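If you want the building blocks of each chain, they are given just below.
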Amino acid sequence: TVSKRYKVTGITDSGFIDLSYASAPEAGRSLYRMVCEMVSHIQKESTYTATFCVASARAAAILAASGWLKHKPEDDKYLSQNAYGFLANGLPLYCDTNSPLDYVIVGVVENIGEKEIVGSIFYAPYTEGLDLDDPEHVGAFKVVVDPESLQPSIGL
Amino acid sequence: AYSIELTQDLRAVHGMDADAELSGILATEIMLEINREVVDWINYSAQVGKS
Amino acid sequence: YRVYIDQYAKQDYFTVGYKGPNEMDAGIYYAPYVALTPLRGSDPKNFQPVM
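Residues numbered from 1 in each chain as written, not as in the entry; some residues may be left out. Chains lettered and ligands numbered in written order. Part of a larger assembly, values for the part shown. Heavy atoms only, no water.

- This entry, as listed in the PDB, derives from cryo-EM and reports a resolution of 3.3 Å.

- The name the PDB entry gives chain C is Major capsid protein, with Enterobacteria phage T4 as the organism.
- For this structure, the PDB entry title reads "Bacteriophage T4 isometric capsid".

- As annotated in the PDB entry, chain A carries the name Capsid vertex protein gp24 and is attributed to Enterobacteria phage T4.

**Some words on the packing of aromatic side chains**
All names here are of chain B.
At step 1: Using the criterion set out here, one finds two aromatic pairs over all chains in the structure.
At step 2: Aromatic side chains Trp-41 and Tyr-44 sit 5.0 Å apart centroid to centroid with 90° between the ring planes, which places their arrangement in the edge-to-face category. Here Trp-41 pairs with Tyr-44, and both are found in helix α2 (residues 19-45), just three residues apart, close to one helical turn.
At step 3: Accessibility expressed as a relative area gives 39% for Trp-41, which makes it partly exposed. (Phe/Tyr/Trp six-rings, centres within 6.5 Å; stacked < 30°, edge-to-face > 60°. Helix = DSSP H or I, 4+ residues; strand = E, 2+ residues; numbered from the N terminus. Buried < 20%, exposed > 50% of the residue type's maximum accessible area, 1.4 Å probe, protein only.)

**With respect to the pairing of strand β4 (residues 91-95) of chain A**
Consecutive residues of a regular strand have side chains that alternate between opposite faces of the sheet.
Residues and elements named next belong to chain A.
At step 1: Pairing geometry for strand β1 (residues 52-55) and β4, over three bridges, is parallel. Note on β4: the bridge partner recorded for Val-54 is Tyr-94.
At step 2: Where strand β3 (residues 86-87) lies against β4, two bridges are found, and the strand directions are antiparallel. Considered in β4, the bridge of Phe-86 is made with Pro-92. (Pairing = 2+ DSSP bridges.)

**A closer look at the interface of chain C and chain B**
At step 1: Counting residues at the interface gives 14 residues for chain C, matched by 19 residues for chain B.
At step 2: Interface of chain C and chain B: buried area, both sides summed, is about 1,400 Å²; carbon and sulfur atoms make up 64% of it.
At step 3: Summed over the three residues of chain C that lose the most area to chain B, namely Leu36(C), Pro49(C) and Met51(C), the buried surface amounts to 41% of that side.
At step 4: The interface formed by chain C and chain B includes two salt bridges.
At step 5: In this assembly, chain C and chain B are joined by eight residue pairs in polar contact.
At step 6: Classifying every residue of the side of chain C that touches chain B by side-chain character gives nine nonpolar, two polar and three charged. (Contact = heavy atoms within 4.5 Å. Buried area = accessible area lost by both parts, 1.4 Å probe. Salt bridge = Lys/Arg side-chain N within 4 Å of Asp/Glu carboxyl O. Polar contact = N/O pair within 3.5 Å; in protein donor to acceptor, adjacent residues only side chain to side chain. Nonpolar A, V, L, I, M, F, W, Y, C, P; charged D, E, K, R; others polar.)

Following this line, the structure appears as structure tokens:
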């Protein structure tokens with residue numbers, strides 16, 4: 001609901017591409033052109049290098065159908081285990097499997113260090129001011145014990 | 001009846017303790033009223049002077 | 001005499017009282033029983049505290 005829709009006159013007009021199984025990876029690579037172009041349309045307007053990609057399962061397979069998505073055993077380290085693989089362009093491809101689209105998003109996450117952190121959808125949880133057990137839990141549970149039936153109720 | 005989302009705000013932004021502030025104004029209010037009571041049973045129960 | 005201000009007073013006045021040496025000789029008895037026993041809880045449906 002943020003990412004600026006990428007529309008080219010030839011094909012993607014109407015807002016998105018239509019891929020058909022006819023003839024070869026020629027359909028599956030024809031999406032890998034649109035990922036590559038979206039990455040260069042970040043580097044024009046954003047100027048950041050567009051360090052990830054997100055795609056629904058069915059639309060990340062046809063981007064895997066292109067070839068040029070190489071997971072492979074030795075390459076595990078850089079993809080942080082969440083990525084479905086690396087596009088040959090050097091981008092991790094994060095399979096979605098959730099949203100109701102079949103979309104392919106490109107985006108950026110770059111922290112140059114110190115206080116400069118820039119990338120889509122900044123998230124940024126807030127626990128500071130709360131007493132937590134371990135820092136990473138992002139908000140604390142609470143228990144109640146309803147005083148009608150005494151059986152507890154736990155919520156975060 | 002203070003919100004659970006308040007304390008976190010008020011611990012973070014103001015550093016004050018939330019709870020311990022309400023326990024501040026309730027414990028003070030009752031002892032102000034119980035004290036405003038007896039002074040108001042003295043002036044209520046006192047005869048009219050200079051009469 | 002020992003002059004206590006009345007900080008909240010509608011018109012103006014002075015109420016000349018009496019307090020004997022005993023706690024018995026007074027004219028009015030303020031006898032406490034329990035003192036400000038705090039009570040805590042939380043709203044069981046929405047998890048939010050009350051005190």
